[PDB]
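Architecture at a glance
Take a look at the letters that make up each chain.
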Amino acid sequence: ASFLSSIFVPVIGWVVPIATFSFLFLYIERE
Amino acid sequence: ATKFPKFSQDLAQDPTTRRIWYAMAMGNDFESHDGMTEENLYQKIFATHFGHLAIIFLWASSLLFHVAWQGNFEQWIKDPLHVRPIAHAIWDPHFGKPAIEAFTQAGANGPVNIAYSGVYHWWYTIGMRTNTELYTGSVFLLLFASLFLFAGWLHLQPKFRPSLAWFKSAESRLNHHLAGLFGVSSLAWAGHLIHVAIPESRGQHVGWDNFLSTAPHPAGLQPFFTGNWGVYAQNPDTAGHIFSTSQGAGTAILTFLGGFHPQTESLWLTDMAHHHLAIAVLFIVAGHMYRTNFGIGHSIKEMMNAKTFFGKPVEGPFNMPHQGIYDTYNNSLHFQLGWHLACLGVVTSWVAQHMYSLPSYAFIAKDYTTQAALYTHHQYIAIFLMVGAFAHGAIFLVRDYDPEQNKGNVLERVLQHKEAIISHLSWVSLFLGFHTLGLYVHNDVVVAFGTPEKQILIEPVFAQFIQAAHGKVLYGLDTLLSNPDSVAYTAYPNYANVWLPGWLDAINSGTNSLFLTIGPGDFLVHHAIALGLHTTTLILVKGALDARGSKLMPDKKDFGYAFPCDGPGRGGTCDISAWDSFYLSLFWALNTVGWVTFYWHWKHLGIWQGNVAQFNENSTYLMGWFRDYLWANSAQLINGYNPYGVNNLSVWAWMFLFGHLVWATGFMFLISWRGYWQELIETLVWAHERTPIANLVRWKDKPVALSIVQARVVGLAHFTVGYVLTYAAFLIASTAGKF
Amino acid sequence: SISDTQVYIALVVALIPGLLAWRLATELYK
Amino acid sequence: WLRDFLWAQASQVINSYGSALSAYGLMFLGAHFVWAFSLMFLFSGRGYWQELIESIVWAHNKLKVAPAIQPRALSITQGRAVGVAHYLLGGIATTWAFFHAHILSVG
Amino acid sequence: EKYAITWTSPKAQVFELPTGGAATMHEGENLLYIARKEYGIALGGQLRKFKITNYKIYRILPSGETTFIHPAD
Amino acid sequence: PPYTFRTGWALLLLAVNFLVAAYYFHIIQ
Amino acid sequence: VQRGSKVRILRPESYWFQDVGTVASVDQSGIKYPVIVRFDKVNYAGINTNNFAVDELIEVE
Amino acid sequence: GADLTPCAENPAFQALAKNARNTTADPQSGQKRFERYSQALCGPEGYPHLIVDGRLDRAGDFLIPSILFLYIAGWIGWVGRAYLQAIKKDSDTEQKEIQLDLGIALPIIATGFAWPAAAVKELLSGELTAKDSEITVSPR
Amino acid sequence: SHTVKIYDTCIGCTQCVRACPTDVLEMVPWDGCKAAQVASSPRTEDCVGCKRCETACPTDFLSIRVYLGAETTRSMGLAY
Ligand code: CLA
Ligand code: CLA
Ligand code: CLA
Ligand code: CLA
Ligand SMILES: CC1=C(/C=C/C(C)=C/C=C/C(C)=C/C=C/C=C(C)/C=C/C=C(C)/C=C/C2=C(C)CCCC2(C)C)C(C)(C)CCC1
Ligand SMILES: CC1=C(/C=C/C(C)=C/C=C/C(C)=C\C=C\C=C(C)\C=C\C=C(C)\C=C\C2=C(C)CCCC2(C)C)C(C)(C)CCC1
Ligand SMILES: CC1=C(C/C=C(\C)CCC[C@H](C)CCC[C@H](C)CCCC(C)C)C(=O)c2ccccc2C1=O
Ligand SMILES: CC1=C(C/C=C(\C)CCC[C@H](C)CCC[C@H](C)CCCC(C)C)C(=O)c2ccccc2C1=O
Ligand code: SF4
Ligand code: SF4
């Protein structure tokens, strides 16, 4: 099942930092 | 005026970008949080320690799963001396087609990374044979790491949350951790070797299904209780034992040959079984010493405060005042953390010193690059654990230290004569450096002038003796286990040197790293190491002892541990704080471990290639280090990619250049300091409010330059990461390109 | 190597520490 | 630039022992030293080194070799100036000894 | 705008602005809108070589409040 | 004072320094 | 003490701690540290004079 | 060990004796060092390995230069110590530091050769060291 | 802002008041010293942490001390 690399690596490469940075930027800039 | 960071109202009321950076470097500092009390501190550290513990088991499970699913472990069993292991597989979209063909290696379908951490040798030694045991142990560590993630959550709930007196019960940790964490676990691993790993070493499968049926010994626990323990040391694995087969096998489970297995060139598994069994008895007995609620045992607070040796009045133990040290170790957490990093830092290097000379893993002495990486890894780990020992020891003297509770004791008497400690530390650093650098430059000029016989070469005749006082015939000193008429050789009253015929076979062979042959090139580098240890200690001790103030600046305790300076007054005070003496030392600590690992690596490149004469001639003068090691070995590396093509070393050729760039970037934060950069950002703030379309958007946090203490962190971070990655790309590919 | 089935068991079992890590990291405060 | 210029053209400067280009072999290593020596002044600060002298003046006060002119660390501006003069000296002299021993051999 | 500084000059002469550059004061009461109080004292000492010690730094809030903060009396 | 407890242990350790050198000089075997 | 008396210093935060000074002038009523001591070696600031209390000094002449 | 057979017996030391490089313009300075280095111990490489043990057949390596150095090095300290003892009881003492009082420095230089007879005299009189109550110290 | 502590050892030299560039310091009368005045810091919300006031003080050790605290807009020295 070597096709899981095609679906975990782009999520951790792209989706994981986009979801993390967009959470943290809205959390540090929160009155 | 935001609510981030939660743990500080002084940082959360910062309009600049300093708010963001100081949240990161004060987040895990639990002691400086807002409103943190004493018992809330320990209850939060204890549950955090379940968090770091469960990272370790989740880390070690990915080593098992990525090998079972993507590596070639079952293909590595058949021939461990030529089959090249596999760590994980590459899914990189950015690869070109000649860079998929170059990394399709070790008999695999796709691009794979050759494992240089030696975990196939450790798993093959301890009995694991197929890819299903690796997967089973992987899934077990998923559950065993979740058992700690639940435990840290459970011990934060209000009636499951431990009290303060539970943490400061120090005599009960020492009984349970020595007997149970050290002793039972050494006993359990001896049970794992005897039941499983030693029968797996003889071609005899023992798994979870048939370990209750099969016995490790055909005698079978009857000679244990009757006292006939010599039955366990009957016919061992012979000198023709082919590993994991039944040829030349034995029935013994606890044996004491000493020395190495003749094929794998590792320690005997029957020797390790009687080892961890004997360690287990010495620790369970050690864990029944201190006083708990059962009204028996030694009491440490009474051992410190004792003043009477059999009627004679003394000042304390060894007639030295150790009173109040129990209330100094136990009440402070930085005294404990500063202490135990020194304890863990000693043993970490002590692990590395005994794993190249005494290999304990099957077929690891012949897989070279896995052995060159494990030495250099645990040496650099031992570096940070020793620098942080003095670092967290110096946070103790600023923050936690109380001179009234510690009045008159041995830790007070060090702070009196602290100018005598730093002076004689400053002497040995200069006494070695003036005369070790002097003899390299002497040998450099003398060889350069074509007359190399005028070199000052000193045989290390005080370490020549120890290797001959351990049984090496090669020098002809004829003492002390190399003298066959010696009292130490024969063990005169009892003659019980069982280990000694197997030890002298191992030390007198030139086919291992056991007590390597030393010469005049090894004289200068051990005194160069001693230059690096006494000088790194000089910076760390002087920053520890002067942490509470001195002549140029008294009351440094009022300013905390990390503050920039005290201004340009009094001639200026740049890098005056106790944090700044942590800071200068990590240049030396990375330096000294460079010297101990340039010298480790180049002595073994002569052993592994059969050319011992290259090191012994050329390691006396500093061109032979520069030419025959740095220049000559980086030819396989740098040709990892050239205009003709690529090969499998092109990551290490790319990481080598990457390391030279992170290293050089860190100079920018150290040569140039802050006030140049705040006057540069104030021109970018101007030209953003004036640009007509781009001033629709605007910052929430005002851009300021990095603070003075911050870009000494950030400067040391680019320096240290680039120092590691440069050598780690040179260590691997110069060894894995030559074998 | 291991079978294609066994990889999915490892992923589903890995949600059990993934859930518990989210519970611990939020019980330790925001 | 690393393979075909710095690595490949230095094969005449470091292999030059026992010959007439021996001084360029010694100035190549000797200038790598002075370059690296300059970083002690650039990276560190003045206020560390003044504290260290106070522990060396003590051992000089004890045996009555106390100098009448008091020792001080180099000032903040001078510690930068020493660190750039020793930087430019060892960096250029590396290249001075590298250009000569390469081009006095292939020319 | 914030921190107005006023001073009375005997005549006109060229001084140096704290924001960089040289201007020319009038004769009589002057007025300069600066960014921070640090500019006004660094200007107020530059007036001392012109023998002027009659300078007053205000504090203009964005609401329109002008608080006299130097001197206290 | 004549430091008895300091010099008592320094002469013990120096006697260990001289004993190991006797093995190295073949005085004791 | 008197103008010319060598004294010693016991103030730990002072630069000339356990060093020999020379009293230049002693005042009468105020400050609480009314003794001007002209030292012979300079501190980091470059000065060589300071004020000290009456009980702060140890006369050695 | 390792293979410290003496240099007169070595095939390697005699092979290094045939391609001698003249040190000084003495035309046999190439030869008049190899016969002098024959009593030393050349290993497998052909180079004399010095012995800092203290053996009296090997006293020329370390034992003889150690007495020779420590006489000269304890000289320079003692001359520099006794000068600073003298200038402290003068009018200024800072001028006499950078700008040497040559009338006082020259008697101290000639005095020196009984510095072991003077340092032991200073040691036993208790005038070598100073009191810890008279040296400035840092706050603890 | 920062924190300016003034101890009782100063002599009324008026060198620290004539050196703080945001004019935090001022002299108040005080019957202790010979010059009969002590420095006082009634406007420490304006202090920028410059430590010009510690550089100019004669007394050993310093009668004035600046403790670097929480940094607002006035103490960062931001014109923006
Ligand atoms: C921390 C441990 C760890 C690390 C560093 C890696 C590293 C890697 N894994 Mg792997 N993995 C692990 C544990 C780990 N594995 C475990 C326990 C499992 C079983 C569930 C897997 C299952 C797995 C699969 C199925 C695949 C990878 C893949 C990969 C590669 C690409 C990264 C990726 O997509 O992640 C994938 C990550 C997951 C599937 C889930 C992560 C599981 C661990 C337990 C999370 C650890 C989080 C960590 C502790 C949080 C701390 C962050 C830190 C910065 C503070 C890379 C070699 C891919 C690959 O080989 O590409 C070629 C791929 O297809 N991994
Ligand atoms: C017998 C009962 C028992 C046991 C098993 C433990 C076990 C433990 N306690 Mg503990 N504890 C106990 C009773 C016990 N405690 C009692 C009674 C008290 C109250 C008085 C405490 C109070 C307490 C506190 C307050 C804390 C602990 C902590 C810990 C953990 C230590 C960290 C760790 O995992 O290191 C594991 C270490 C070893 C397995 C031994 C390592 C030995 C050296 C370093 C290396 C030797 C290995 C060798 C070289 C070979 C390795 C090679 C191989 C890896 C390849 C560990 C799980 C800490 C923790 O993390 O909390 C979770 C912590 O903060 N305990
Ligand atoms: C188990 C050991 C241990 C423990 C529990 C602690 C715990 C602590 N230390 Mg300590 N320390 C340790 C080891 C340890 N340290 C070691 C080994 C050293 C020597 C290097 C130090 C040096 C040290 C200093 C000098 C200081 C502390 C401080 C602290 C406290 C706060 C930590 C903090 O703010 O984190 C914040 C965490 C960070 C800022 C992390 C940034 C650094 C990361 C690791 C860089 C990583 C680079 C990058 C990811 C690499 C990518 C590679 C890629 C490009 C290829 C806390 C009590 C501080 C304190 O004030 O104490 C109260 C403090 O001043 N420690
Ligand atoms: C009068 C000469 C003199 C004397 C007797 C001493 C004596 C001492 N010094 Mg000191 N020192 C001196 C000059 C002197 N120093 C000077 C000029 C410097 C600045 C370079 C230093 C720098 C220095 C350091 C950095 C250290 C000592 C240390 C020591 C002690 C151990 C010996 C040692 O390590 O030598 C050290 C010698 C040097 C570093 C170089 C020697 C300096 C020159 C070459 C000799 C001076 C000769 C003088 C100018 C001749 C004047 C003659 C006069 C008639 C005109 C000892 C108390 C060490 C210590 O504290 O150990 C406990 C220590 O760490 N000293
Ligand atoms: C050889 C041999 C032997 C011996 C051994 C030994 C004896 C060892 C030693 C060892 C040792 C001898 C070790 C040590 C180490 C040390 C260290 C490592 C230290 C460190 C420290 C620290 C770091 C501290 C800290 C701190 C500070 C700094 C401050 C305050 C606080 C504290 C205290 C915490 C025997 C007989 C057995 C056998 C045979 C062989
Ligand atoms: C024999 C021998 C050896 C050994 C040695 C030893 C080990 C020794 C020790 C010794 C010691 C351990 C010593 C110590 C000392 C200490 C002290 C304490 C000193 C004193 C000094 C002083 C005090 C000084 C003075 C002076 C002088 C004399 C001169 C100049 C000036 C002065 C002042 C500087 C060897 C093997 C190497 C080699 C071979 C031979
Ligand atoms: C360049 C430089 C700056 C300017 C640098 C600034 C203003 C920050 C620039 C960083 C930008 C935003 C990129 C940062 C992102 C990194 C590539 C990765 C960081 C990711 C982690 C923070 C998570 C200083 O402020 C400074 C201060 C003191 C000494 C030396 C220096 C210094 O050298
Ligand atoms: C090492 C170092 C020092 C200390 C280094 C010093 C003081 C150099 C002094 C060494 C020379 C050898 C002193 C010379 C003293 C005498 C002239 C020696 C007599 C020898 C003559 C006979 C030739 C600083 O003062 C400093 C200041 C600011 C930033 C960085 C640093 C810095 O890195
Ligand atoms: S604090 Fe300094 S400047 Fe102010 S009155 Fe005292 S001595 Fe003078
Ligand atoms: S912080 Fe220091 S320099 Fe700035 S105004 Fe206040 S006293 Fe003066």
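Residues numbered from 1 in each chain as written, not as in the entry; some residues may be left out. Chains lettered and ligands numbered in written order. Part of a larger assembly, values for the part shown. Heavy atoms only, no water.

The deposited coordinates derive from cryo-EM, with the record listing a resolution of 3.3 Å.

Heads up, the rule is: UniProt positions are given in the numbering used here, feature names are shortened, and annotations may be inferred rather than shown by experiment.
Per the PDB entry, chain H goes by the name Photosystem I reaction center subunit III and belongs to Nostoc sp.. Under its PDB header, the title given for this structure is "Structure of PSI tetramer from Anabaena". UniProt lists a comment for chain H under the heading Subunit, and it reads "The cyanobacterial PSI reaction center is composed of one copy each of PsaA,B,C,D,E,F,I,J,K,L,M and X, and forms dimeric and tetrameric complexes." Per UniProt, the comment on chain H under Sequence similarities is "Belongs to the PsaF family."

**Brief notes about empty space enclosed by the protein**
Residue and element names in this part refer to chain B. Selection criterion: The method works on a 1 Å grid over the protein atoms by themselves. A cavity is a set of points holding a 1.4 Å probe that cannot get out, a pocket is an open set with protein on both sides within 12 Å along at least five of seven lines, and residues with an atom within 4 Å of a point line them. Grid points are joined across faces, edges and corners, and a volume is the space filled by probe spheres set on the points. Put simply, DSSP H or I for four residues or longer makes a helix, DSSP E for two residues or longer makes a strand, and each gets a number counted from the N terminus. In the scheme used here, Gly and all other residues not listed as nonpolar or charged are polar, with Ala, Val, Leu, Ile, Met, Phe, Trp, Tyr, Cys and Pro taken as nonpolar and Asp, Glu, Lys and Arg as charged.
Applying the stated criterion to the full structure yields ten cavities of 30 Å³ or more. Taken as a whole, the largest cavity holds about 100 Å³ of empty space. Considering every element that reaches the lining of the largest cavity, the biggest residue donor is helix α15 (residues 368–400), with three residues. Each residue belonging to the lining of the largest cavity can be placed in one class, and the counts come to eight nonpolar, two polar and no charged. Of the volumes computed, that of the second largest cavity is approximately 80 Å³.

**Some remarks on the site of ligand 9**
Here is the rule we go by: Residues are counted as near a molecule or strand when any one of their heavy atoms sits within 4 Å of it.
Close to ligand 9 lie 14 residues, the nearest being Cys-10, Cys-13, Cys-16, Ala-39 and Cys-57 of chain I. In terms of residue class, the shell around ligand 9 is built from nine nonpolar, five polar and no charged.

**With respect to the packing of aromatic side chains**
So the rule is basically this: Two rings from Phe, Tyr or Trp (for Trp, the six-membered ring) form a pair when their centres are within 6.5 Å of each other. A pair whose planes differ by under 30 degrees is stacked, one over 60 is edge-to-face, and the rest are tilted. Per-residue accessibility, obtained with a 1.4 Å probe over protein chains only, is compared with the maximum for each type, and a residue is labelled buried under 20%, exposed over 50%, and partly exposed between these values. Only when the NZ of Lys or the CZ of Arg is both within 6 Å of the ring centre and within 35 degrees of the ring normal is a charge said to sit over the ring.
Per the stated rule, a full pass over the model turns up 92 aromatic pairs over all chains. When the ring of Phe-65 of chain B is compared with that of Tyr-135 of chain B, the centres are 6.2 Å apart and the planes differ by 50 degrees; the resulting orientation is tilted. Highlighted residues: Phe-65 of chain B in helix α3 (residues 38–70) and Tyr-135 of chain B in helix α7 (residues 131–154), separated in sequence by 70 residues. You can call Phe-65 of chain B buried: its relative accessible area is 14%. A relative accessible area of 8% places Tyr-135 of chain B in the buried class. One aromatic cluster in this structure is built from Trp-579, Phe-582, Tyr-583, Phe-587, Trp-663, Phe-667, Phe-719 and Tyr-723 of chain B together with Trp-35, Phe-43 and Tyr-87 of chain D. Lying across the ring of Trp-673 of chain B, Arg-712 of chain B places its NZ or CZ 5.4 Å from the centre.

**Structural notes on the sheet that holds strand β1 (residues 4–9) of chain E**
This is how it is decided: In short, DSSP must find at least two bridges between two strands for them to pair.
The sheet built from three strands is open, its strands ordered β4-β1-β5 (chain E) with antiparallel pairing. In this open sheet, the two strands that pair with only one neighbour each are β4 (28–33) and β5 (56–57) of chain E.

**Some words on the interface of chain B and chain D**
Operational definition: In this analysis, two residues are considered to be in contact whenever any of their non-hydrogen atoms come within 4.5 Å of each other. Two parts placed together each lose some accessible area under a 1.4 Å probe, and adding up what both lose gives the buried area. Throughout this description, the term salt bridge denotes a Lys or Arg side-chain nitrogen within 4 Å of a carboxyl oxygen of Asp or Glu. We define a polar contact as two N or O atoms separated by no more than 3.5 Å, with the added condition that, inside protein, one atom must be a possible hydrogen donor and the other a possible acceptor, whereas residues neighbouring each other in sequence contribute only through side-chain atom pairs.
At the interface, 50 residues of chain B touch 34 residues of chain D. Summed over both partners, the interface of chain B with chain D comes to about 3,700 Å²; 71% of that surface belongs to carbon and sulfur atoms. Taken together, the connections running from chain B to chain D amount to zero salt bridges. At the surface where chain B touches chain D, the tally comes to 14 residue pairs in polar contact. Breaking the side of chain B that touches chain D down by element, the ones donating at least two residues are α17 (418–448), α21 (520–545), α22 (579–607), α24 (622–633), α25 (635–638), β4 (641–642), α26 (650–665) and α27 (668–671) of chain B. Ranked by the residues each element gives to the side of chain B that touches chain D, the list is headed by α17 of chain B, at ten residues. Each residue belonging to the side of chain B that touches chain D can be placed in one class, and the counts come to 31 nonpolar, eleven polar and eight charged.

**Some details on the nonpolar core**
Put simply, the test is: Residues enter a nonpolar core if they are buried and are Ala, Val, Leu, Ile, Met, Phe, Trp, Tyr or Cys, with the set joined through side-chain atoms within 4.5 Å.
The biggest cluster of nonpolar side chains holds 76 residues, and the ones touching the most others in it are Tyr-561, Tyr-583, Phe-587 and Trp-625 of chain B together with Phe-43 of chain D. A per-element tally of this core places α22 of chain B first, with 13 residues. Ranked by size, the runner-up nonpolar core spans 38 residues in total, among them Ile-77, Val-112 and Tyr-120 of chain B together with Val-13 of chain C.

**Concerning a nonpolar patch on the surface**
How we decide: Patch definition: residues above 30% relative accessible area lacking any salt bridge, with like charges linked at up to 9 Å and the nonpolar side chains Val, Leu, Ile, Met, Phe, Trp and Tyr linked at up to 5 Å. Note on areas: Shrake-Rupley, 1.4 Å probe, and residue coverage restricted to the protein chains presented here.
On the surface, a nonpolar cluster with roughly 1,100 Å² of combined accessible area is contributed by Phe-3, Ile-7, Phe-8, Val-11, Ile-12, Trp-14, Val-15, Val-16 and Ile-18 of chain A together with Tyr-8 and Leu-11 of chain C. Sorting the residues of the nonpolar patch by element identifies α1 (5–28) of chain A together with α1 (4–13) of chain C as the ones contributing at least two each. The element contributing the most residues to the nonpolar patch is α1 of chain A, with eight residues. With respect to the helices and strands, the residue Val-16 of chain A is situated in helix α1. Look at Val-16 of chain A and you get partly exposed, because its relative accessible area is 38%.

**Considerations on the site of ligand 2**
Residues and elements named next belong to chain B. Close to ligand 2 lie 14 residues; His-49, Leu-53, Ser-169, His-176 and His-177 are nearest. Between ligand 2 and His-49, the relevant distance is 3.1 Å, taken from an oxygen atom to a side-chain nitrogen or oxygen of the residue. Contact between ligand 2 and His-177: a nitrogen atom at 2.6 Å from a side-chain N or O atom of the residue. Elements with a contribution of two residues or more to the shell around ligand 2: α3 and α9 (170–200). Residue classes in the shell around ligand 2 are distributed as seven nonpolar, six polar and one charged.

**Topic: the coordination of the magnesium atom of ligand 1**
Quick reminder of the rule: Here a donor is any nitrogen, oxygen or sulfur atom (N, O, S) within 2.8 Å of the metal, with 3.2 Å used for Na, K and Ca; water is not among the atoms considered, so some sites may look incomplete.
Among protein residues, the single donor to the magnesium atom of ligand 1 is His-66 of chain B (NE2), with a metal-donor distance of 2.1 Å. On the secondary structure map, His-66 of chain B appears in helix α3.

**Observations concerning α22 of chain B**
Put simply, the rule is: Residue count minus one, scaled by 1.5 Å, sets the expected span of a helix.
Between the first and last C-alpha of α22 of chain B there are 43 Å, a value that for 29 residues agrees with the 42 Å anticipated at 1.5 Å per step. The buried fraction of α22 of chain B amounts to 23 of the 29 residues, a majority that puts the element mostly inside the structure.

**Quick notes on the environment of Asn-331 of chain B**
Residues and elements named next belong to chain B. Within the secondary structure, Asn-331 sits in the loop between α13 (326–329) and α14 (334–353). Residue contacts for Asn-331: discarding those within four places in its chain leaves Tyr-42 and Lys-168. Polar side-chain contacts of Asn-331 include one of 2.5 Å to the backbone oxygen of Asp-327.

**Topic: the state of the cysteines**
Which entries qualify depends on this criterion: Two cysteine sulfurs form what is called a disulfide whenever their separation falls within 2.5 Å.
In the structure shown here, the tally under the stated rule is one disulfide over all chains. Two residues, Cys-7 of chain H and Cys-42 of chain H, share a disulfide whose sulfurs are 2.0 Å apart. Between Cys-7 of chain H and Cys-42 of chain H the disulfide shows an S-S torsion of about 100 degrees. By sign, it is right-handed. Residue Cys-7 of chain H is located in the segment before α1 (11–15), and its partner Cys-42 of chain H is located in the loop between α1 and β1 (49–50); the two are separated by 35 residues in the primary sequence. Exposure remark for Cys-42 of chain H: the relative accessible area of 0% places this residue in the buried category. We note that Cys-565 of chain B lacks a disulfide partner, and the nearest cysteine sulfur, in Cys-574 of chain B, lies 5.9 Å from it.

**Remarks on the sheet that holds strand β2 (residues 23–26) of chain G**
Residues and elements named next belong to chain G. This is how it is decided: Angles shown run from 0 to 180 degrees and are taken between the N-to-C directions of axes, each axis being a line fitted to C-alpha atoms and, for helices, limited to the stretch in contact.
As summarised here, the arrangement of the three strands in space is β2-β3-β4, forming an open sheet in which the pairing is antiparallel. With partners counted over all chains shown, the strands left at the sheet margins are β2 and β4 (49–52), one partner each. Going across the sheet, the axis of each strand differs from the next one's by a mean of 25 degrees, ignoring polarity. With three bridges connecting them, β2 and strand β3 (residues 35–38) associate as antiparallel partners. In the sheet register, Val-23 faces β3, and the bridge partner there is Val-37.

**Some details on the coordination of the magnesium atom of ligand 3**
A lone protein donor binds the magnesium atom of ligand 3: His-392 of chain B (NE2), at 2.0 Å. Along the polypeptide, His-392 of chain B turns up in helix α15.

**Here's the deal with the pairing of β3 of chain G**
All names here are of chain G. Of the two faces of β3, the one lined by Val-35 and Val-37 is fully buried and the one lined by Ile-36 and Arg-38 carries no buried residue. One ladder, built from four bridges, connects β3 with β4; its direction is antiparallel. From the neighbouring strand, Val-37 faces β4, where its bridge partner is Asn-50.

**Here we look at the interface of chain C and chain B**
Every contact between the two is made by 18 residues of chain C and, on the other side, 20 residues of chain B. Interface of chain C and chain B: buried area, both sides summed, is about 1,800 Å²; carbon and sulfur atoms make up 75% of it. Per-residue buried area on chain C facing chain B is highest for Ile-2, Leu-24 and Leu-28 of chain C; these three make up 29% of the total on that side. Summed over the shared surface of chain C and chain B, the result is zero salt bridges. Viewed at the interface, chain B and chain C are joined by two residue pairs in polar contact. The element contributing the most residues to the side of chain C that touches chain B is helix α2 (residues 15–27) of chain C, with seven residues. Of the residues belonging to the side of chain C that touches chain B, the class tally is 13 nonpolar, two polar and three charged.

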